[PDB]
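Enquirer: Whatever this is, show me its structure:
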Amino acid sequence: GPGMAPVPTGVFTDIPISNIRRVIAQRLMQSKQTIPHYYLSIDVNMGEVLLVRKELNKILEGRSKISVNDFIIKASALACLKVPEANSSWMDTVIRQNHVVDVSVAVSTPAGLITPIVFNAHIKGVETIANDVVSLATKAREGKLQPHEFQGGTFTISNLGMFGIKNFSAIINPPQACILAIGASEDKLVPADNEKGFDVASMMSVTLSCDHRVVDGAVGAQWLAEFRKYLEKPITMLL
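Expert: Residues are numbered from 1 along each chain as shown. Coordinates below:
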């Protein structure tokens, strides 16, 4: 079939549609064509979260295998409550409307790209977040992962830590929203360059697409600035 936007050559069979390169191209066209955005980039300090993840390896017992994923989920969950904007499917009746908080994660399968969703109205314990890492992973291997069989997503993460991320996006459909792709990043803040000074100073990377809002670039920058602050000190989430 046809070079680009073709059905023959492609790695996609492949999640809700997407026969192959044709369908993947046609599907992406839907998102890019209806969704006028501009990715936003931020690096955050996880010198302690990485530390905490290693220290709680014992408690895990590979029950879920503590990955940055679940931590990011809980990270985005609380944050979404504080900033309701971009309410998926608009409405709600309870209680307090906003609209629960069901986040999905991309899962590149031999078939193609599935984004399983994990409930969450406004809550996600370590076990609940981790209880689905293993669950979503197993479903992944069994091609039993499709948002259609339980859509209702508010925001989705694309963890490609196996590389790097510095300002990335490509929203999907209005029914589902995209969070934040992950991949790497180092704060140019291990500033110092002295014989005697901490150096340092790591970072994960956080890139988040976002629909044109009434609000603008000022609101967009404030969101990332606060997200920066939140992940240097995750304890701020507790308060």
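Enquirer: going forward, measure contacts and count neighbours with C-alpha atoms only.
Expert: Noted.
Enquirer: which residues in the protein form strands?
Expert: With DSSP state E as the definition, the chain shows strands at residue ranges 40-44, 103-105, 107-108, 113-114, 117-118, 155-159, 180-182, 204-208.
Enquirer: Which residue, other than its chain neighbours, is closest to the one residue sitting closest to the centre of the chain?
Expert: The residue lying closest to the centre of the chain (CA atoms, centre = their mean) is residue 157, at 1.7 Å. Spatial nearest neighbour of residue 157, excluding adjacent residues (CA to CA, 6 or more residues apart in numbering): residue 105 at 4.7 Å.
Enquirer: what sits against that neighbour?
Expert: With contacts taken as CA atoms under 8 Å, 6 or more residues apart in numbering, residue 105 has the following neighbours: 114-117, 156-159.
Enquirer: what two of the residues you listed are the furthest from one another?
Expert: 117 and 159 (14.3 Å; CA to CA).
Enquirer: Those two: who's more crowded?
Expert: residue 117 (25 against 21; other CA atoms under 10 Å).
Enquirer: who does the closest residue to that one other than its chain neighbours bridge with?
Expert: Spatial nearest neighbour of residue 117, chain neighbours left out: residue 104 (4.0 Å); criterion: CA to CA, 6+ apart. On the basis of DSSP bridges, residue 104 is bridged to residue 117, residue 156.
Enquirer: Can you give me the neighbour number for residue 104?
Expert: For residue 104, using other CA under 10 Å, the count is 27.
Enquirer: My read is that it contacts residue 114, right?
Expert: No - between residue 104 and residue 114 there is no contact under CA atoms under 8 Å: 9.1 Å.
Enquirer: Please report how far residue 185 lies from residue 94.
Expert: Distance of residue 185 to residue 94, computed by CA to CA, to the nearest Å: 39 Å.
Enquirer: which one of the two has more residues nearby?
Expert: Using other CA under 10 Å as the criterion, residue 185 and residue 94 rank with residue 185 on top: 21 against 9.
Enquirer: who's in contact with the nearest residue in space to residue 113 that is not next to it in sequence?
Expert: Nearest non-adjacent residue to residue 113, counting by CA to CA, 6+ apart: residue 107, 5.5 Å away. The neighbours of residue 107, taking CA under 8 Å, 6+ apart as the test, are 113-116, 140.
Enquirer: So this protein: which segments form each domain?
Expert: Domain ranges of the chain: 1-34, 36-238, per automatic domain parsing.
Enquirer: Quick check: chain neighbours aside, which residue is closest to residue 100?
Expert: Counting by CA to CA, 6+ apart, the residue nearest residue 100 is residue 121, at 3.5 Å.
Enquirer: same question but for residue 114, I mixed them up
Expert: Nearest one to residue 114, counting by CA to CA, 6+ apart, is residue 107 at 5.0 Å.
Enquirer: Next one: that neighbour relative to residue 156, how far apart?
Expert: 11 Å.
Enquirer: what residues are shared contacts of these two?
Expert: residue 115.
Enquirer: what number of residues lie near residue 53?
Expert: Applying other CA under 10 Å, I find that residue 53 has 16 neighbouring residues.
Enquirer: tell me the contacts of it?
Expert: 66-68 are the contacts of residue 53 under CA under 8 Å, 6+ apart.
Enquirer: Also residue 56?
Expert: Per CA under 8 Å, 6+ apart, neighbours of residue 56: residue 66.
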